[PDB]
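Quick setup: the structure tokens below cover two forms of a single protein chain, split into structure 1 and structure 2.
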Structure 1
């Protein structure tokens, strides 16, 4: 049975996705490339380099250079941080309290390298997370949708796949959790159809973090 809950960050702990999607759309627009807001949501969870290389390959037929990757990501971060800071996803704190009260270990598994958000995890969720029990952009070669980040969390936690549950909100992250062989709950906190989360391999679908929190004891029975 359950020992740990592996939380995605963007769109699960923080309501940051309207900002990430907007910044990704606008920065690519400045470089003359097309990435719609919807497409940014479909690429949620990917590393910055992978996101940039997908946009480049499908448009120009070539990948971006390291200098181009660094420059575009640099620009994206500045634009992300120009908006009022992302607030907590409603229900995330209450669920974290619930899982900790039940003796489960909270972990974070994110494709993010966004320092402003990562360094706000303690202030927003006091006493919940530890750096040794987190996987971020800094840990991975491939990143979501590769199961690598979730396999890394299991290792960091000393966990088997059947002792964990994944909470995800995006098709590439759901895929990552599912391909890691972990029970994966999708929470549809964005504008995409819930079908994409289920198609990606989600074992359950809830419309919000708060309803997941309301339903937690029932689903774990």
Structure 2
């Protein structure tokens, strides 16, 4: 009985609200390439949600047979940031305004649940989506001990919203994020907005898979009944 119970829709940020993942992927792929290391564009999408350190160490361990130092991690992350910021500013994901407007018109409360602490994207939420969100109904990197795929960010969103899990749905693009929503016990919709096989998102625990935000918006009525 989803129409009766649903109160809130918990949106991830990168790859759901903002179309920033082509730029994060390119920056990771290219920084590693300049260091002579192979991290494909598609693989960078797999690691969406991991810390810079964890991502870097995955590549360092498999290619060089060793961990990166803290000095190597800090410098590669700086390099990645320089590259990312040299690209155009990320636009709103097509379909994101539309789905937000649709759920708002149904009396649902949008929330943001992001692993970002990147204040360059975080500050842009209010003014890219005016009236959609409330600062008190947002979860960012600043609010949590463990990021996705740990369920903590989604469990914290339920707490901030005064919600039970059966009163929310999660909208996620990334396998680690889908895993977090599922492990939080919330009905989780995957939107496959990048180059990954959609099966990866189903295997991470998504209850439904859609190929894009606009497709989900177009199908929202069919879900709810």
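Positions refer to the first chain, counted from 1. The term rigid core refers to the maximal set of C-alpha atoms that superpose within 1.5 Å between the two forms.
- Considering 192, 161, 172, 49, one residue stands apart with a C-alpha shift of at least 2 Å between structures 1 and 2 following superposition on the core, and it is 49.
- Note on conformational change between structures 1 and 2: two rigid parts, with the smaller rotated by 16° relative to the larger (from C-alpha fits).
- Core-based alignment between structures 1 and 2 gives a C-alpha movement of 1.3 Å at residue 116.
- Once the rigid core is matched between structures 1 and 2, the CA atom of residue 80 is found 2.0 Å away.
- Taking the core as reference, the Cα of residue 133 moves 0.2 angstrom between structures 1 and 2.
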